[PDB]
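Enquirer:
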Amino acid sequence: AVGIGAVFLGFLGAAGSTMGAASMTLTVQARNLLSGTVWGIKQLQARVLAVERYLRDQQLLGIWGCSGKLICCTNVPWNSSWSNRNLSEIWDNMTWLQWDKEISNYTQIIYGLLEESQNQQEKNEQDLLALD
Amino acid sequence: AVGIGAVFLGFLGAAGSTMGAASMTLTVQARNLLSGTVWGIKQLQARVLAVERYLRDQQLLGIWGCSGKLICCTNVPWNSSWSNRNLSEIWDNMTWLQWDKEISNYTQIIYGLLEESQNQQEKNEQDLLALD
Amino acid sequence: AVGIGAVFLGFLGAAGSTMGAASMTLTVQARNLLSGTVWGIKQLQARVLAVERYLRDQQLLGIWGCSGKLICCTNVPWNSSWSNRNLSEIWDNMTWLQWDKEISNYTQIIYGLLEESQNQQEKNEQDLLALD
Amino acid sequence: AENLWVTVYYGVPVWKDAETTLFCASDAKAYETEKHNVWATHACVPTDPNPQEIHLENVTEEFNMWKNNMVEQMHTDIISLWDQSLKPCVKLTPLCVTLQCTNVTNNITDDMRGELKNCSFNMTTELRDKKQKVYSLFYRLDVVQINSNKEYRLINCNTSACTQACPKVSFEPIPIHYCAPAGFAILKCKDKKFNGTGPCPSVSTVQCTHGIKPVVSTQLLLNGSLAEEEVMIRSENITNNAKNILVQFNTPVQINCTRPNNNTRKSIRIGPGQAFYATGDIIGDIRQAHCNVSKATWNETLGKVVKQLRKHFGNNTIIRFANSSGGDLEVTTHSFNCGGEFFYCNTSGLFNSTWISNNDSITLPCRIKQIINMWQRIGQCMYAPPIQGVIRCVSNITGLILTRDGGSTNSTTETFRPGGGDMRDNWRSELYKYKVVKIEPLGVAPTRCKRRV
Amino acid sequence: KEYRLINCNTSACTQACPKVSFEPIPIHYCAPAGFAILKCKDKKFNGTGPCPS
Amino acid sequence: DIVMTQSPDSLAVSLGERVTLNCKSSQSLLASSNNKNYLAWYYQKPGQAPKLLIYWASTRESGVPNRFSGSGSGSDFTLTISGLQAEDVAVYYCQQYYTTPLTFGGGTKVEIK
Amino acid sequence: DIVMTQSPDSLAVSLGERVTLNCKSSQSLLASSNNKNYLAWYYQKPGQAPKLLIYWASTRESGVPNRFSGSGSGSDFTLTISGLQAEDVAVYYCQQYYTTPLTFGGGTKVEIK
Ligand SMILES: *[C@@H]1O[C@H](CO)[C@@H](O[C@@H]2O[C@H](CO)[C@@H](O[C@@H]3O[C@H](CO[C@H]4O[C@H](CO)[C@@H](O)[C@H](O)[C@@H]4O)[C@@H](O)[C@H](O[C@H]4O[C@H](CO)[C@@H](O)[C@H](O)[C@@H]4O)[C@@H]3O)[C@H](O)[C@H]2NC(C)=O)[C@H](O)[C@H]1NC(C)=O
Ligand SMILES: *[C@@H]1O[C@H](CO)[C@@H](O[C@@H]2O[C@H](CO)[C@@H](O[C@@H]3O[C@H](CO)[C@@H](O)[C@H](O[C@H]4O[C@H](CO)[C@@H](O)[C@H](O)[C@@H]4O)[C@@H]3O)[C@H](O)[C@H]2NC(C)=O)[C@H](O)[C@H]1NC(C)=O
Ligand SMILES: *[C@@H]1O[C@H](CO)[C@@H](O[C@@H]2O[C@H](CO)[C@@H](O[C@@H]3O[C@H](CO)[C@@H](O)[C@H](O)[C@@H]3O)[C@H](O)[C@H]2NC(C)=O)[C@H](O)[C@H]1NC(C)=O
Ligand SMILES: *[C@@H]1O[C@H](CO)[C@@H](O[C@@H]2O[C@H](CO)[C@@H](O)[C@H](O)[C@H]2NC(C)=O)[C@H](O)[C@H]1NC(C)=O
Ligand SMILES: *[C@@H]1O[C@H](CO)[C@@H](O[C@@H]2O[C@H](CO)[C@@H](O)[C@H](O)[C@H]2NC(C)=O)[C@H](O)[C@H]1NC(C)=O
Ligand SMILES: *[C@@H]1O[C@H](CO)[C@@H](O[C@@H]2O[C@H](CO)[C@@H](O)[C@H](O)[C@H]2NC(C)=O)[C@H](O)[C@H]1NC(C)=O
Ligand SMILES: *[C@@H]1O[C@H](CO)[C@@H](O[C@@H]2O[C@H](CO)[C@@H](O)[C@H](O)[C@H]2NC(C)=O)[C@H](O)[C@H]1NC(C)=O
Ligand SMILES: *[C@@H]1O[C@H](CO)[C@@H](O[C@@H]2O[C@H](CO)[C@@H](O)[C@H](O)[C@H]2NC(C)=O)[C@H](O)[C@H]1NC(C)=O
Ligand SMILES: *[C@@H]1O[C@H](CO)[C@@H](O[C@@H]2O[C@H](CO)[C@@H](O)[C@H](O)[C@H]2NC(C)=O)[C@H](O)[C@H]1NC(C)=O
Ligand SMILES: *[C@@H]1O[C@H](CO)[C@@H](O[C@@H]2O[C@H](CO)[C@@H](O)[C@H](O)[C@H]2NC(C)=O)[C@H](O)[C@H]1NC(C)=O
Ligand SMILES: *[C@@H]1O[C@H](CO)[C@@H](O[C@@H]2O[C@H](CO)[C@@H](O)[C@H](O)[C@H]2NC(C)=O)[C@H](O)[C@H]1NC(C)=O
Ligand SMILES: *[C@@H]1O[C@H](CO)[C@@H](O)[C@H](O)[C@H]1NC(C)=O
Ligand SMILES: *[C@@H]1O[C@H](CO)[C@@H](O)[C@H](O)[C@H]1NC(C)=O
Ligand SMILES: *[C@@H]1O[C@H](CO)[C@@H](O)[C@H](O)[C@H]1NC(C)=O
Ligand SMILES: *[C@@H]1O[C@H](CO)[C@@H](O)[C@H](O)[C@H]1NC(C)=O
Ligand SMILES: *[C@@H]1O[C@H](CO)[C@@H](O)[C@H](O)[C@H]1NC(C)=O
Ligand SMILES: *[C@@H]1O[C@H](CO)[C@@H](O)[C@H](O)[C@H]1NC(C)=O
Ligand SMILES: *[C@@H]1O[C@H](CO)[C@@H](O)[C@H](O)[C@H]1NC(C)=O
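Laid out in structure tokens, this is it:
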């Protein structure tokens, strides 16, 4: 879902667009997330906070299936007790600012399941290599 | 080899368990390795030492086969002059604190072989794509 | 194209060798790129500049196909308006210091095509998983 | 197959020219000393002497010492590091006072002048009630008469309170290694006949620089780096007369320099924990500080530098050497520091030559100052304490800093004056080899393979 | 009978500010990332040799 | 470049007892990446092609018995003999193979006194 | 180790009205990774094997009705009853399961006054 258009398509440009349309511009927010006598200390701790946050997010990705995919799929199924709404009414109706609030309570339940499924898939892969 | 249990299973919890049992909890030590008028300099250099050590370890992984697997297999065989002991008497007998001492002398012989095998596999992959 | 030789084969050793021969030693420059009352501020900002540059380069890799390959191939074809020269007269004739100048003007035209092809391949992969 | 496919490679050896902040380093024996008896002993990282270098084959980079960076960095860092070793020291606020000065006890000759004044003054004691009367010995160059009675004052009583150089810290040179951070490299030119401008055919990468002893000398740069086989003259543009010519010659010229006066350091209590180290007695003869060079080897090295100067000026050129045209004290007479003592030595015996296109020793007299105005700051002078005993030191004249006069109206000759000027000409004679580059990975190149989906 | 202070010949003596107090407050020495701190819970441990707990 | 300087010029001893020899380098040859060091101790007979004795600055070659020991790291290096033989009394050499140009030592000619 | 201290020793009240009980910990049991907290509130009858009431320091067990509430995070924790029954008047317990050794509370014996 990308077409020909000459406008800049910049950082947080599609924050209000629906989340089926902001997904076609995710490398922009990924790009503009890292590079940007006493005050050098303040600037320096701001820069190390930036690189620490980037490393924490890349570590959360890396212990899951995707390390540099930027769109990755996994093997845990969507529990319908979490959001109990249709597939057609998320990708064409709501935004990420509005979808963030609706699963913020069910966040950190999902991440443990992601790590659990990735550890189980790693040990299944190790056993499948080991039986050969 | 994971079961149902409600205890916290925290950082360095299985340091004394056998290395076939501490391998089922490796995302914990991977997680708790990065995030944690003059003293800001000391805190700041401690934080950049932490992120520098994390980047050095991720770079040692990345020039090998696994970049975000956290369990990876490779194509160099175990030279039996290194440890000369059975497979059954490592994963059920010893710990990583005790296995660290037994191959600390043969360390840095292994890492060059890992880089050599990964560079040879990269050039074999490039030639196999190139002949097609 | 690697053989038996006992010399150190160090950092920037093959900078003047042809680029078909400096490609067999790329883990050396990848390795020696990260680790190396007022002056602690200068040392500290130099270190965070080093890790920021390393993260920017790894982010440019990661939004493309290769995240830890160190030699990766992609799906955009070489436009012959860029360099208009034979394949035999680059890998056996010129160096990277000399090839850097010849496509420095056509740089940043190529990187957008790399991100475009990687985003298109990610959405094609997502649709191919989705139809199954 | 004629369609190529692009591939990006990481770890590609290729650099651009860049400007970064190198960091200081010292040798392990220089790291061995402690407690700031020299400058900044624990601030810098320890490293090896002659740090590790590897040679790069089939490479050619153009260098320029004149538009080079990191001589600016070394100049700024040595100025700031000179300033930072003075904040614990003692300010001479209570010593700006009326000095009742008489002549030193000596056989006075009415034609010549005594270079020492015996000055008595009121000094505040450690108690804020009582003051004492104490005398000292100063030089003519450090006191001026304010307007029968003969009362003087210091020359810097109307510009600054003068920070005493602490006698704990020494001013000897210890070699700095300028090390590059990660991602940057340093290239050294191993070429013999390389004038610091244009392409160097033989470079080598190195992590840190070789040892640079910080010497402070206006004319006749001392303990420098010798040339390989012949004298090399180096300038940004020869025909410009406002550019200095840096002359580096092969075998060094041994110079001896001495103050033969045996002095007595005497402590005076200013206040609580405040001590002023003054001159007490002159034990023995009142003699003049001087220097010696060898007559024969100086004539030899002048013949060598005329032989090398005739390459840029034609063969039938008469080369003559005359002394400095004028200026302040430390731009006309060659300054140095012989162990915590600042000498100003007359070079009129050296540059007194003419050269046609066909066991002795030069004595040259010196003056000594106790208060100095290094780098010509607006409000920062420096008292330097006297030191005990006869002071002698041996050094190597390594090169010269020459300046051609504004030759016009059919100049049959071309004359050369010595001149110190900026300190950076002293610093460009050591970082003329090196440059700093930014190593940039992620090259990109075509090859005949498409990624298998 | 005139006196002086004993430190009149060594230093100007900095007055302790009456605003700031000198009471002890407990410090916790925390380790940065990548480092850990081990505590010995053994009873009969003289601070030398192997701690079993 | 890298200057390799052997500290004695000759060593004329008796046979049976041990000796020791040294080679100093103008540059630290210890490779920080491999953590292993770069000396080739060679042995040249009169009128013969030389052979290796010590590689990786410590390890003896195959065909060389246990009576040699390359020792030391960093910048200063030591070849220690344990027992002198009549087959051994000819010229030793130290070589850096860390960079180009490959420079050798001066050559300490050990003979019998 | 970790000391688990219940603040009252007993609580003899009438039946029908609510009560509240507290358990303090010598160490903050809030797991920073999971953002969830580690208390087991148990209930032991006279002469009976105990049963769970509150897990994850807040959540009631199945088979337990809506009249209980485990509450509080950090280091100090509160079991609040809403309505007392005759089936409820026996000993409560607080347990940390954050580390080894697993230590319990003192046991607040609630009976009828
Ligand atoms: C060009 O390069 C030369 C070669 O290095 C320099 O010459 C050296 O200069 C330094 C400082 O000017 C000299 O150091 C001083 O030497 C005095 C003479 O004592 C020497 O001899 C005794 C006995 O053999 C030794 O124990 C001693 O270490 C010296 O080698 C000493 O009196 C000085 O020591 C006093 O001051 C220091 C300051 O910290 C204290 O630590 C001492 O305890 C003592 O109080 C001082 O050591 C050095 O001797 C010179 N070497 C030579 C060979 O002459 C030139 O100075 C340099 N040119 C310029 C312009 O810098
Ligand atoms: C650096 O050193 C040089 C020499 O080492 C030094 O040059 C000399 O300076 C003095 C004055 O500064 C010059 O003047 C002399 O001063 C006395 C003082 O009474 C005069 O009497 C001298 O005259 C004699 O010589 C005349 C010519 O021979 C006779 O006609 C006369 O009757 C007297 O006999 C003389 O003028 C001195 O000439 C120079 N030396 C030379 C060789 O020119 C220089 O000053 C020093 N630099 C600094 C900054 O001080
Ligand atoms: C370079 O060498 C020349 C030649 O020796 C120097 O010129 C000389 O300079 C001195 C001053 O230093 C002149 O001395 C005069 O002394 C009388 C004494 O009363 C004084 O009144 C004068 O005002 C002057 O100071 C001397 O006449 C002069 N000689 C000549 C021939 O010009 C010159 O100073 C030297 N330059 C340096 C930087 O040393
Ligand atoms: C400098 O001047 C002082 C006087 O202010 C001289 O000190 C006196 O010298 C005479 C002669 O021996 C003694 O009798 C006095 O007792 C001294 N007085 C003091 C206070 O010391 C001193 O000798 C002079 N020094 C020089 C080098 O000229
Ligand atoms: C003490 O110093 C004064 C200077 O402050 C001397 O006075 C003049 O000194 C110069 C050179 O030393 C002579 O050329 C003058 O002739 C001196 N002036 C007079 C009026 O004679 C003085 O000579 C010095 N000596 C004494 C004993 O006072
Ligand atoms: C040191 O202090 C004394 C006293 O304050 C000064 O002596 C005075 O000098 C003036 C001018 O000659 C006289 O009118 C006073 O009578 C003097 N007072 C005393 C007590 O002698 C003296 O000038 C100061 N300086 C020196 C170098 O001694
Ligand atoms: C330093 O050497 C360089 C050569 O490496 C000289 O530069 C060339 O000079 C010639 C004239 O003699 C010019 O035609 C070239 O264009 C110059 N090349 C460059 C790259 O500048 C230079 O003149 C020498 N400088 C001095 C002071 O001797
Ligand atoms: C400088 O003067 C001092 C006097 O203060 C000389 O030191 C004396 O030297 C003699 C023998 O040389 C000894 O007997 C004395 O005990 C020394 N006295 C002190 C106080 O040290 C010193 O020798 C002189 N220096 C020179 C170079 O002549
Ligand atoms: C400068 O001083 C050195 C001493 O440091 C002199 O060298 C000495 O020269 C004499 C002969 O005059 C020899 O006997 C000594 O053996 C030498 N000593 C050393 C250490 O070299 C040198 O001659 C002096 N040069 C001048 C021009 O005065
Ligand atoms: C001045 O340069 C000479 C060389 O011309 C230096 O003399 C050498 O010094 C080193 C150690 O400092 C010795 O290993 C050499 O044997 C010396 N060579 C000669 C020919 O003397 C001298 O050290 C330098 N410095 C001074 C103050 O003279
Ligand atoms: C502290 O206890 C240790 C044991 O944990 C003692 O160390 C041993 O002492 C015996 C002699 O009594 C030696 O034979 C062992 O080799 C020691 N072991 C070690 C590891 O040091 C130690 O002596 C005790 N120290 C004190 C001061 O009581
Ligand atoms: C999360 O908890 C809050 C507070 O109890 C509740 O209002 C909200 O509905 C919960 N989230 C969802 C998605 O139900
Ligand atoms: C490594 O070297 C030490 C010292 O020589 C030796 O004691 C040890 O046994 C060696 N390691 C192994 C695994 O043999
Ligand atoms: C890039 O632009 C410069 C300036 O217009 C031009 O000289 C150069 O040839 C261009 N690059 C290529 C590869 O043509
Ligand atoms: C200080 O006094 C000297 C001597 O009179 C004079 O030359 C100088 O100009 C004065 N400086 C100032 C800043 O007044
Ligand atoms: C000067 O003469 C030399 C002979 O030694 C020669 O090499 C050089 O080219 C000549 N220069 C000129 C300008 O004639
Ligand atoms: C110049 O040299 C001559 C002779 O060598 C000498 O007499 C004269 O004093 C010198 N000039 C100066 C200013 O020293
Ligand atoms: C200061 O004075 C006291 C009392 O006379 C004396 O004991 C002490 O040594 C003196 N200290 C100094 C540094 O003179």
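Protein chains in written order, with the deposited numbering: chain D, 512 to 547, 569 to 664; chain U, 512 to 547, 569 to 664; chain A, 512 to 547, 569 to 664; chain 2, 31 to 141, 150 to 185, 187 to 309, 312 to 321, 321A, 322 to 398, 411 to 505; chain V, 189 to 241; chain 4, 1 to 113; chain B, 1 to 113.
Note that beta-carbon positions come from the ideal geometry of N, C-alpha and C, so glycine has one too.
Keeping to the same chain, check which residues put their C-beta closer than 8 Å to that of residue 82 (chain 2); ignore five residues upstream and five downstream.
Expert: For the purposes of this step, residue 82 (chain 2) is taken as the residue at position 52 of the fourth sequence. Contacts found: 245 and 246.
Enquirer: What did DSSP end up calling residue 643 (chain U) once you bin it into helix, strand or coil?
Expert: Your numbering for residue 643 (chain U) matches position 111 in the second sequence. In this structure, residue 643 (chain U) counts as helix in the three-state DSSP scheme.
Enquirer: Under a CB-based cut-off of 8 Å, is residue 33 (chain 4) close to chain A?
Expert: On the sixth sequence, residue 33 (chain 4) is found 33 positions in, with the first residue counted as 1. Closer than 8 Å: yes.
Enquirer: Please classify residue 636 (chain A): is it buried, with 16 or more other beta-carbons within 10 angstroms of its beta-carbon, or exposed?
Expert: The count along the third sequence starts at 1 and reaches residue 636 (chain A) at position 104. Exposed: under 16 other Cβ atoms inside 10 Å.
Enquirer: Give the list of continuous beta strand (DSSP E) stretches no shorter than 3 residues that lie fully inside the region 216-297 of chain 2.
Expert: Correct list: 223-228, 236-239, 242-245 and 271-273.
Enquirer: Would a check of beta-carbon distances place residue 103 (chain B) closer than 8 Å to chain U?
Expert: The count along the seventh sequence starts at 1 and reaches residue 103 (chain B) at position 103. For residue 103 (chain B), the answer is no, since every Cβ of chain U falls outside 8 Å of its Cβ.
Enquirer: Could you spell out the range, first to last residue, of the beta strand (DSSP E) harbouring residue 43 (chain 4)?
Expert: Position 43 of the sixth sequence holds residue 43 (chain 4). Here the beta strand (DSSP E) through residue 43 (chain 4) covers 40-44.
Enquirer: Quick one: which chain U residues come within Cβ less than 7 Å of residue 99 (chain B)?
Expert: Position 99 of the seventh sequence, counted from the start, is the residue given in the question as residue 99 (chain B). Simply 519.
Enquirer: Which of the three DSSP states, helix, strand or coil, is assigned to residue 482 (chain 2)?
Expert: Taking the first residue of the fourth sequence as 1, we reach residue 482 (chain 2) at position 430. Reduced to three states, the DSSP call for residue 482 (chain 2) is coil.
Enquirer: Does DSSP classify residue 579 (chain A) as helix, strand or coil?
Expert: As a position in the third sequence, residue 579 (chain A) is number 47, starting the count at 1. Reduced to three states, the DSSP call for residue 579 (chain A) is helix.
Enquirer: When you compare the CB of residue 532 (chain A) with every CB in chain 2, is at least one pair closer than 8 Å?
Expert: As a working note, residue 532 (chain A) is residue 21 in the third sequence. So no, residue 532 (chain A) is outside the interface.
Enquirer: Just reading off the alpha helix (DSSP H) that residue 506 (chain 2) is part of, what are its end residues?
Expert: The requested residue 506 (chain 2) is not part of the displayed model; chain 2 covers only 31 to 505.
Enquirer: Counting only Cβ pairs nearer than 8 Å, list the residues of chain 4 close to residue 542 (chain A).
Expert: Working through the third sequence from its first residue, we reach residue 542 (chain A) at position 31. Those are 33, listed as they occur along chain 4.
Enquirer: Would DSSP call residue 28 (chain B) helix, strand or coil?
Expert: Counting from one through the seventh sequence, the residue named residue 28 (chain B) turns up at place 28. It is coil, neither helix nor strand.
Enquirer: Taking 6 Å as the limit between beta carbons, can you name the residues of its chain near residue 10 (chain 4), skipping five residues before and five after?
Expert: As a working note, residue 10 (chain 4) is residue 10 in the sixth sequence. Once the five neighbours on either side are set aside, the close Cβ partners of residue 10 (chain 4) are 109.
Enquirer: Just the Cα atoms here: how many angstroms apart are residue 114 (chain 2) and residue 378 (chain 2)?
Expert: Working through the fourth sequence from its first residue, we reach residue 114 (chain 2) at position 84. Working through the fourth sequence from its first residue, we reach residue 378 (chain 2) at position 338. Taking the straight line joining both Cα atoms gives about 22 Å.
Enquirer: Taking residue 413 (chain 2) and residue 333 (chain 2) to be in contact with their CB atoms under 8 Å, please state how far apart those CB atoms are, rounded to whole angstroms.
Expert: For this step, residue 413 (chain 2) is matched to residue 361 along the fourth sequence. For this step, residue 333 (chain 2) is matched to residue 293 along the fourth sequence. Confirmed, Cβ separation roughly 7 Å.
Enquirer: Take every Cβ of the region 528-540 of chain A, pair it with every Cβ of the region 468-487 of chain 2, and state whether three or more of those distances are shorter than 8 Å.
Expert: Flag = no, the region 528-540 of chain A and the region 468-487 of chain 2 do not touch.
Enquirer: In the DSSP assignment, the beta strand (DSSP E) including residue 4 (chain 4) goes from what residue to what residue?
Expert: For the purposes of this step, residue 4 (chain 4) is taken as the residue at position 4 of the sixth sequence. 4-6 is the span of the beta strand (DSSP E), which, as asked, contains residue 4 (chain 4).
Enquirer: So what does residue 360 (chain 2) bridge to, in DSSP terms?
Expert: Taking the first residue of the fourth sequence as 1, we reach residue 360 (chain 2) at position 320. DSSP, once it has assigned bridges, lists 394 (chain 2) and 467 (chain 2) as partnering residue 360 (chain 2).
Enquirer: If the cut is a Cβ gap below 8 Å, which residues of chain U does residue 599 (chain D) touch?
Expert: Walking along the first sequence from the start, residue 599 (chain D) turns up at place 67. Those are 599 and 600, listed as they occur along chain U.
Enquirer: What residues match up with residue 57 (chain 2) in a beta bridge as DSSP calls it?
Expert: If you number the fourth sequence from 1, residue 57 (chain 2) lands on position 27. 77 (chain 2), per the DSSP bridge assignment.
Enquirer: Report whether the distance from the Cβ of residue 198 (chain V) to the nearest heavy atom of ligand 18 is below 7 Å.
Expert: Looking up residue 198 (chain V) in the fifth sequence gives position 10. It does: the Cβ of residue 198 (chain V) is within 7 Å (strictly closer) of some heavy atom of ligand 18.
Enquirer: Count the other CB atoms within 10 Å of the CB of residue 227 (chain V); is the residue buried (16 or more) or exposed (fewer)?
Expert: Within the fifth sequence, residue 227 (chain V) is the residue found at index 39, counting from 1. It is exposed - the Cβ of residue 227 (chain V) has fewer than 16 other Cβ atoms within 10 Å.
Enquirer: Using DSSP with H/G/I as helix, E/B as strand and the rest coil, what is residue 35 (chain 2)?
Expert: Taking the fourth sequence and counting its residues from 1, one reaches residue 35 (chain 2) at position 5. DSSP places residue 35 (chain 2) in strand when its eight states are reduced to three.
Enquirer: Can you list the residues of chain A that residue 608 (chain U) reaches, using a CB-CB cut of under 8 Å?
Expert: For the purposes of this step, residue 608 (chain U) is taken as the residue at position 76 of the second sequence. Going along chain A, no residue has its Cβ under 8 Å from residue 608 (chain U), so there is no contact; the nearest lies around 15 Å.
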